[PDB]
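Undergrad: Curious how this folds, go ahead:
(chains A and B)
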Amino acid sequence: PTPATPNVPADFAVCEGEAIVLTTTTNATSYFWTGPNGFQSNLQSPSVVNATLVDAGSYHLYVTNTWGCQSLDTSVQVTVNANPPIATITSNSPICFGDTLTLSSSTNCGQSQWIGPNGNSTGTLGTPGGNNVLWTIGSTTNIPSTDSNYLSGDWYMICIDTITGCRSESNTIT
Amino acid sequence: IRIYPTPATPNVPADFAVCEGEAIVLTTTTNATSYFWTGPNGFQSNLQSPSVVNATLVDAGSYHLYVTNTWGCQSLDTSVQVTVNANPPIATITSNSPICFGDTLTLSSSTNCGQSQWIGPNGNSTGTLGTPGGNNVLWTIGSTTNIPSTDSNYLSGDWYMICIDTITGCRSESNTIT
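TA: Numbering: from 1, shown residues only, chains lettered A, B, ... in the order given. Take a look:
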């Protein structure tokens, strides 16, 4: 007999830098995987590929029985989403206490997490809207002199694409 | 007429739970002319004791085995399910570092680390890092500690914090503060 078409996961969407994990759930005497950028494996669980844009494309499989009988080709389409640009942060860095501290960049990052001396804990990086100075909509923030985040030291910004889900870092400013 | 036997399903350890950074050691206890191991993230071995994998989350999954006799007769597939527990986040420590002697020294972070070991100039010896409760300033519940001016740990120098997940068992380090 010819073995049945194998079971392979549905289309994915991985962000650059994240793992591409394509495995099957069927049984074989031998599995044959092939794909973009030289991808090849004989396993039901191929080595994991760290995604880059060149890895996007159509990946395939075809299992074989004990007599070498081969199943029909099936496939999964892997989308690799590009990371947003590295942002350049400029700021009112020579600032006297009591004056408003402004941090900004030109890159249209969608949402923007600001990381300061208080760290990047989920507790300090709370809900993106309202008046949360450390997670803003648009690549800019204004830290009042009466804020718990009005601190000196090294700051950075993380760009969030609200459609794709990908993140990119930025230059460290002092 | 001779027909060769099929070997019995091999013995493999029970489900594990390894923390990221710790070794995954999967071995069998049976005898074979050949062993066939296979699993997640490209894992493959022909030994009764495969090379040790340093665990990362991509290594979690279902690992398998099937021994063979001298005539190539193959046993049924068995498996062990390996859970890889993620390490907690790297914590950021801030502190009252510009402090005059006699004032209380406070160290803290925002990451909810569960338990927290504080490591200072006195080292991280089990003797100095004693029982987590009571009034032990170097091993606290919650990511914060207050060192009095009359404590043996009221020392200047480089401090760090170790985050302990009391459910998982995993640990993560933090930034060094001065």
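Undergrad: Just give the nearest non-adjacent residue to the closest residue to chain B within chain A, would you?
TA: For chain A, the residue closest to chain B is residue A:119, as judged by CB to the nearest CB, at 2.8 Å. Yep, even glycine has a C-beta here, placed from its N, CA and C like the rest. In space, and not counting its chain neighbours, residue A:119 is closest to residue B:92: 2.8 Å by CB to CB, 6 or more residues apart in numbering or on different chains.
Undergrad: pretty sure that neighbour contacts residue B:108?
TA: No - checked against CB atoms under 8 Å, the pair residue B:92 and residue B:108 is beyond contact range at 9.8 Å.
Undergrad: These two: who's more crowded?
TA: Between residue B:92 and residue B:108, counted using other CB atoms under 10 Å in any protein chain shown, the more crowded position is residue B:92 (22 against 19).
Undergrad: just the strands in chain A please.
TA: If DSSP state E is used as the criterion, the strands of chain A fall at A:12-15, A:19-20, A:33-34, A:40-41, A:49-50, A:57-61, A:74-81, A:89-91, A:101-105, A:111-115, A:135-137, A:140-143, A:156-160, A:167-168.
Undergrad: what helices or strands is the last one leaning on?
TA: To tie it back to what came earlier, the one meant is strand A:167-168. strand A:156-160 (3 or more CB pairs under 8 Å, 6 or more residues apart in numbering or on different chains; DSSP states H and E).
Undergrad: what's the offset of the strand it packs on from the middle of its chain?
TA: Here the centre of mass of C-alpha atoms in strand A:156-160, compared against the chain's by CA atoms, centre = their mean, to the nearest Å, lies 13 Å away.
Undergrad: and the angle from that strand to strand A:101-105?
TA: Angle between the axes of strand A:156-160 and strand A:101-105 is 50 degrees (criterion: axes from the mean of the first three to the mean of the last three CA atoms, to 10 degrees).
Undergrad: what sits up against strand A:156-160?
TA: Contact with strand A:156-160 is made by A:84-85, A:87, A:89, A:103, A:105, A:107, A:109-115, A:120, A:139, A:166-173, as judged by CB atoms under 8 Å, 6 or more residues apart in numbering or on different chains.
Undergrad: ends of stretch A:90-99, how far apart?
TA: Terminal residues of stretch A:90-99 lie 17 Å apart, using CA to CA, to the nearest Å.
Undergrad: Same check on stretch A:141-158?
TA: 13 Å.
Undergrad: In contact with residue A:20: list those residues for me.
TA: Contacts for residue A:20 (CB under 8 Å, 6+ apart) come out as A:12, A:14, A:48-51, A:55, A:78, A:80.
Undergrad: First-to-last residue distance for stretch A:89-104?
TA: According to CA to CA, stretch A:89-104 extends 6 Å from its N-terminal end residue to its C-terminal end residue.
Undergrad: who's in contact with it?
TA: In contact with stretch A:89-104 (CB under 8 Å, 6+ apart) are residues A:105, A:114, A:139-145, A:150, A:155-157, A:170-171, A:173-174.
Undergrad: next one: that stretch to chain centre, how far?
TA: Using CA atoms, centre = their mean, we find the averaged C-alpha position of stretch A:89-104 to lie 30 Å away from the chain's own average C-alpha position.
Undergrad: likewise stretch A:100-115?
TA: With CA atoms, centre = their mean as the basis, the mean position of stretch A:100-115 lies at 19 Å from the chain mean.
Undergrad: swap in stretch A:46-62?
TA: Worked out by CA atoms, centre = their mean, stretch A:46-62 lies 16 Å from the chain centre.
Undergrad: how long is that stretch from one end to the other?
TA: Counting by CA to CA, the length from the leading to the trailing residue of stretch A:46-62 is 13 Å.
Undergrad: Over to stretch A:78-88?
TA: End-to-end span of stretch A:78-88 (CA to CA): 31 Å.
Undergrad: cool, stretch A:12-21 as well?
TA: Between where stretch A:12-21 begins and where it ends, there is a gap of 9 Å, by CA to CA.
Undergrad: ditto for stretch A:78-94
TA: End-to-end distance of stretch A:78-94: 47 Å, with CA to CA as the criterion.
Undergrad: cool, and stretch A:54-74?
TA: The first and final residues of stretch A:54-74 sit 21 Å from each other (CA to CA).
Undergrad: try stretch A:39-57
TA: Its start and end residues considered, stretch A:39-57 measures 11 Å (CA to CA).
Undergrad: Pull the distance from that stretch to the chain's centre.
TA: 17 Å.
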